[PDB]
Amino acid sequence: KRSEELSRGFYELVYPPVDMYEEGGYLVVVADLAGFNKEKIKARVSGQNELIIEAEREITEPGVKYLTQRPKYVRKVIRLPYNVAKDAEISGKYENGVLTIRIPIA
């Protein structure tokens, strides 16, 4: 329960936090994913009902490390509420550390 005991590994299992809602015929997924290179963020729908968000970064921090919680790697699987066009392509934007993915349901 100690804060120094909450590790990068712990955070990988819960990170990034994500909201998902339906709007105007799209499933919208918003993730707080601060501190990544946009080109190292991958999102894909596998099957018809599964969004996978993957990301990686290098973290190099000098000096003596007292806390190390920020995940170097991220892989978040999100079950969509229902099938999305088997091959419905997705759009994504990354701003202020927030990744927004829109997936057409149509």
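So that there is no doubt, residue numbering starts at 1 and follows the sequence shown.
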Do the C-alpha atoms of 89 to 97 or of 16 to 24 have the higher average B factor in the entry? 89 to 97
Which of 43 to 51 and 27 to 35 has higher mean CA B factor, as the PDB entry lists it: 43 to 51
The largest CA temperature factor among 64, 67, 78, 74 is found at 64
Split the chain's modelled residues into thirds by Cα B-factor; is residue 11 in the lowest, middle or highest one? lowest
